[PDB]
Amino acid sequence: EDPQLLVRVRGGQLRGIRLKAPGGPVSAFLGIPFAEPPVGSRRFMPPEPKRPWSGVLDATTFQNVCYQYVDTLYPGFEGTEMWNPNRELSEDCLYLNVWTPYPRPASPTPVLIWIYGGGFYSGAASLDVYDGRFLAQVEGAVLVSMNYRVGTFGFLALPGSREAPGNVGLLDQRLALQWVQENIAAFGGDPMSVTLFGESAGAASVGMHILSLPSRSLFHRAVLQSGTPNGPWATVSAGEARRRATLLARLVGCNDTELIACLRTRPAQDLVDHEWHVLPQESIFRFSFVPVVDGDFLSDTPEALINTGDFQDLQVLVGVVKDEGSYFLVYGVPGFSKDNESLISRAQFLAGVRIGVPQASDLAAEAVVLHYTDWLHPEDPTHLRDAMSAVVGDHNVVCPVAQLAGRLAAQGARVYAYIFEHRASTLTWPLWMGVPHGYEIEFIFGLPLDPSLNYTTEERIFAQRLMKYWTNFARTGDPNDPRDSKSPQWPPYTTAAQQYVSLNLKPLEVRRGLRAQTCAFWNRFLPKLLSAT
Amino acid sequence: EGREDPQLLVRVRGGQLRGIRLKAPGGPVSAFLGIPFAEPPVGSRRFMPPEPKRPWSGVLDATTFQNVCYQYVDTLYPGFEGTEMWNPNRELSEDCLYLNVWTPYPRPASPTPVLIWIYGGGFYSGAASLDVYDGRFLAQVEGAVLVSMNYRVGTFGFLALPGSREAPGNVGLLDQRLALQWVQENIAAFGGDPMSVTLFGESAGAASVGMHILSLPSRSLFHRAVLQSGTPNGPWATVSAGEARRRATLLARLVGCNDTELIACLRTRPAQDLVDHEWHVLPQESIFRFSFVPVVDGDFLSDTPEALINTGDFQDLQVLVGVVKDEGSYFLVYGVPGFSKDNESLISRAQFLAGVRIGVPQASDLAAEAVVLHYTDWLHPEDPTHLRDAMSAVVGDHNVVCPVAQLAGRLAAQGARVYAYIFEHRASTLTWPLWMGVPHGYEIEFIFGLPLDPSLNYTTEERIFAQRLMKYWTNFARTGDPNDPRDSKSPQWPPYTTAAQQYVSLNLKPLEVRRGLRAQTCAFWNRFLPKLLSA
Ligand SMILES: *[C@@H]1O[C@H](CO)[C@@H](O)[C@H](O)[C@H]1NC(C)=O
């Protein structure tokens, strides 16, 4: 009974496991319950604090992954499977993991809380890419990750109802943050220095915690990687959530109270079966059950909230990867596949745009096509392919991120921005997808430090660099190594200068304007095209 | 005759002409100036088609330029060369339908290629007698027969009651067509080859050239065409029949006036009255808009130029087209608040938004928003220098550069041999400020070879440059190809194609080949903006 692996939290005792990281041991506490299992009558409902437990709860193993769609587009392919559940599915999934240095830190240590992506329909804190051992070992970071409900279970709302208020997945996260405030000191984490970080939907979730007052007392800093609360995909209106919930119910054979009672009687997989048959249009980067603008958790739209919010005593790190949109195209854009080079035609491109920007009118779609057509090579297949990728990445990530960075900086935040441009050597996706959505995570988490993963020496040093930026940010609100001069400084992002840095194998390069012209098209023009028409 | 220079006595269909031996730098040229090609379009003939000049008797003196067609005289900057060079340089009179011929001296033995100049001036001004249209250098240095003609401008050439007998519109264009006919019949008298006639013109001259391309009865009258910074298509060169009716009726009201009764009243008005009100008839506050322009009459122009270039068969056609670096800069001082020749014209974002409304007077709110969006540099959205240049670009692109791209594109796609240029050399003698760059109209002096006149103070490189340009142009006139078929050292000027979109830079440096004529930006004006404005 190693006394370093034995901790007492408000609910009782836990016993972790000593895990091996390349440069030494780390204490891991895996599958710590933070909520009552949200099962039976508690499906679709807000989480409640886990009741205390007797004796020593075994926290040496990852708990169940929340009930979700499992991906089958490319069975047995590592590129898709790395995002697939790696533990048993179960509605009983409200668990969090903690990694600390071994021995557990002597002084209060900054806490990083990870919030996975997965389009609000999938994900799990237990994937290899979110492994906290390296950050814990190399940087001395106390790292926390939590499971939160996804799909219908986390996000199906009948807004205004008592039994499906919506945003419960987000409340799952909030409860885990609450859990951190109350318990992390026991692990030698500093509750007064909690940085949230997340990618894709996890990034949108971080952004919603920024935009939701009761979350603000629970962290001091945020990192949003390739995702935002604003933009086309991260939220739906009350009216729209009701409609999909209503539609899914009918689809599974089901007054709010009565409708929800019936949904609660259905096996999990039944709801997941028809999850994807509620989207209003054929569309990539669109997700059935996502956070709802409820006038509660989110008092207004994220757009409204970031335009008017006061972000003065807040530090934010935000960024994107070089090819945000490539990944998504192979999920229903004709002409796109991982298996060939996906050189498309002009016609495939116009049809592709109606899917990538599914909310767009004929006119708006035309505006898009005409903006993204390189007019010197109008029908070049490489150009059209790369442009399709760009349309989707810009619409869904880069421009919402630029939009967020701008508003936050204008309104008092300290903002640091990046673009991630190193394609992992081990990437199993074809070359044309470039640096796809999500392939920066393994690097931030420090996976290349595991010599058995066959990442290049260079990639290992890169990963060390990134872990340093992220943890320096966690530590100070500033990603710069406060002992260094060689390698330029990472300047804050501002609305004036619009400075961001490229993250890749070369030293930091400062660039200005993050797709400034193209994001002006998305953030300023297209709205007007739809608000008048 | 008897004691006169035997090289200066020519006969044409209407009689005998005495010309004048002129001194050019490399030797003498024959000039026949002020040859009437039409009955004076006066009195009851104002607004009417030109009637062919009735034969005269005796020897017509053709040794001086004739009257300039009645027109508005620019006063914006009194004393200033930059504006005066464009102002009438002979008496203003409605009796102005004369033309000029420059040939070698002595006149060539074998028939030589004819270049016919059609001057610009927005269809409200111009004269074939301005110094920058001096045909002597092209005549002396390239052995060209150069012909230029006056055509009625403003109301006299373009006021139209479409459908009426007494003011059918496009008569200015018909003046041009009459001089083309005169060339067909008479040019061989001068050693000109009527079977090798190249039209070239700039701005409204270029637009004019393009309308001859687009109007079948003019097609038989020339073989090759040069359009300099102007096109029959685009937002300024034509008006709908309805809009010309509107402008003409309104002008009539303004001066005190059944179409017959109205036109008859207009004909009783002094010429100067019409000029005094010609600017009071435009629908919006605008620059690069002109009141009385070619009308889409279903006669001269059987459809809109856009429709005709979209669907025309241009198989035989050889066309040279291009633009100056800063097409728009000139126009900004003529009524965009903020802009002037006397300072750097650094403007505010506000002045930019307002300038866009004036520069694109046909744009709805959303359309203008799009323009502003497209031309703003979002790195420095408030920068006065960018905003100034952007304002220029907007006006330049919308009126000239993108029309030329649309034209070049359509013509190429439909059988034409198109050669394309961007002229980027700023005259060392330019009197406009530096910020205006290479303004609209400032390639003309080079094509015409003025720098060859050592009294004009052009640099030696400009002299060599002018010669180069004269060579490009007259080769194109001669062959349909601006390239020198010998000189293979010099980089070749490739045709412009939809595939490769090649055009050449014209400046002091040897030819450079570039691809795409503001391709991205012109897709906005040519492909997107129309679609917007269907909403
Ligand atoms: C050209 O230069 C000479 C220099 O002696 C000067 O006297 C003359 O006024 C100049 N003329 C022009 C065209 O400006």
Side-chain angles (χ1 to χ4, degrees), chain B residues 12-15 17 32-56 60 62 65-71 90-101 116-119 121 123-129 147-187 194 197 199 201 204-205 207-209 211-212 214-222 244 248 263-264 266-267 271 274 292-295 297 299-301:
Chain B
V12 295
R13 168 72 251 245
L17 302 164
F32 296 86
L33 307 178
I35 305 164
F37 58 105
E39 281 299 302
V42 303
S44 59
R45 298 227 255 274
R46 178 197 278 174
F47 315 123
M48 293 282 78
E51 294 192 300
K53 171 71 179 178
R54 264 148 28 203
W56 56 88
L60 192 130
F65 288 116
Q66 269 280 3
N67 300 325
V68 174
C69 292
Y70 218 97
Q71 65 194 247
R90 289 296 191 274
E91 188 182 340
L92 296 182
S93 156
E94 264 174 287
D95 178 0
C96 63
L97 290 185
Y98 304 76
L99 55 71
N100 316 296
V101 174
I116 312 184
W117 179 247
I118 307 181
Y119 60 76
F123 293 118
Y124 69 82
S125 55
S129 57
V147 175
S148 64
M149 91 288 286
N150 288 0
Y151 60 97
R152 291 166 281 173
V153 293
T155 48
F156 312 88
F158 294 99
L159 180 147
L161 288 125
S164 81
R165 201 204 97 243
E166 310 95 331
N170 305 320
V171 311
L173 288 180
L174 292 182
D175 298 346
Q176 296 176 17
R177 187 180 272 162
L178 184 55
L180 304 202
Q181 289 169 345
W182 185 98
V183 166
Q184 281 303 99
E185 169 151 27
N186 304 284
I187 210 62
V197 170
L199 301 183
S208 278
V209 164
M211 288 161 210
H212 295 301
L214 293 183
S215 185
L216 190 59
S218 291
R219 282 314 294 283
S220 61
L221 310 179
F222 67 101
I263 298 150
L266 286 170
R267 297 192 312 256
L274 306 184
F292 293 97
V293 305
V295 56
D297 55 344
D299 183 9
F300 200 109
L301 287 174

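Labels below follow one simple rule: chain letters A, B, ... track the order of the sequence lines, proteins then strands, and each chain is numbered from 1. Quick note: numbers below take in every heavy atom, side chains included, and nothing from hydrogens, waters or symmetry partners.
Side-chain contact between B:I116 and B:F222 is absent, with no heavy-atom pair separated by less than 4.5 Å. B:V183 is not listed as a side-chain neighbour of B:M149, based on a closest heavy-atom distance of 4.5 Å or more. At a threshold of 4.5 Å between non-hydrogen side-chain atoms, the residues B:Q184 and B:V197 count as touching. With a 4.5 Å cut-off on side-chain heavy atoms, B:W182 and B:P52 do not count as touching. Residues B:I263 and B:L159 have side chains not in contact (no heavy-atom distance under 4.5 Å, counting atoms from C-beta outward). A 4.5 Å side-chain heavy-atom check between B:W56 and B:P36 finds at least one atom pair inside the cut-off.
Scored by the side-chain contact (heavy atoms from CB on, under 4.5 Å) test, B:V295 finds B:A160, B:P162, B:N170, B:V239, B:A241, B:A244, B:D297 as partners (sequence neighbours excluded).
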Problem set entry | Chi angles and distances behind the side-chain contact (heavy atoms from CB on, under 4.5 Å) call for B:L199, B:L221 | CA-CA 9 Å; B:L199 301 183; B:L221 310 179; over 6 Å; no
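Checked against the 6.0 Å centroid threshold, B:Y119 and B:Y151 count as a close aromatic pair.
Taking CD of B:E166 as the reference point, atom CE of B:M48 lies at 6.5 Å (rounded to 0.5 Å). In this structure, CD in B:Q181 is found 7.5 Å from OG in B:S220, a value given to the nearest 0.5 Å. Note that the CG atom of B:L173 and the CZ atom of B:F300 stand 4.5 Å from one another [nearest 0.5 Å]. With values rounded to the nearest 0.5 angstrom, B:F47 atom CZ is found 13.5 Å from B:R165 atom CZ. Taken to the nearest 0.5 Å, the CG atom of B:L174 stands 8.0 Å off from the CG atom of B:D299. Rounding to the nearest 0.5 Å places OG1 of B:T155 at 6.5 Å from CZ of B:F292.
Of all heavy-atom pairs spanning B:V171 and B:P50, the tightest one is O-CD, 4.1 Å. Between B:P55 and B:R13, the closest heavy-atom pair is CG-NH2, 4.1 Å. The shortest non-hydrogen separation linking B:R45 to B:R54 is NH2-NH1, 3.7 Å. What you find for B:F158 and B:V293 is that their closest heavy atoms are CD2-C, 3.5 Å. The minimum heavy-atom distance linking B:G34 with B:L60 is given by the pair O-CD2, 4.0 Å. Between B:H212 and B:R219 the shortest heavy-atom distance is O-CD, 3.5 Å.
Between the B:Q71 side chain and the B:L92 main chain, no donor and acceptor come within less than 3.5 Å of each other. Counting only distance, with no hydrogens or angles, the side chain of B:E94 and the backbone of B:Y70 share no donor-acceptor pair below 3.5 Å. With hydrogens and angles ignored, the 3.5 Å screen pairs a side-chain donor or acceptor of B:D175 with a backbone N or O of B:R152. The backbone N or O of B:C96 sits less than 3.5 Å from a side-chain atom of B:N150, completing a donor-acceptor pair. Checked by atom type and distance alone, the side chain of B:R46 pairs as donor or acceptor with a backbone atom of B:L266 at under 3.5 Å.
Figure legend: B:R90 and B:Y98 shown without cation-pi pairing, the cationic atom not lying both under 6.0 angstrom from the six-membered ring centre and within 45 degrees of its axis.
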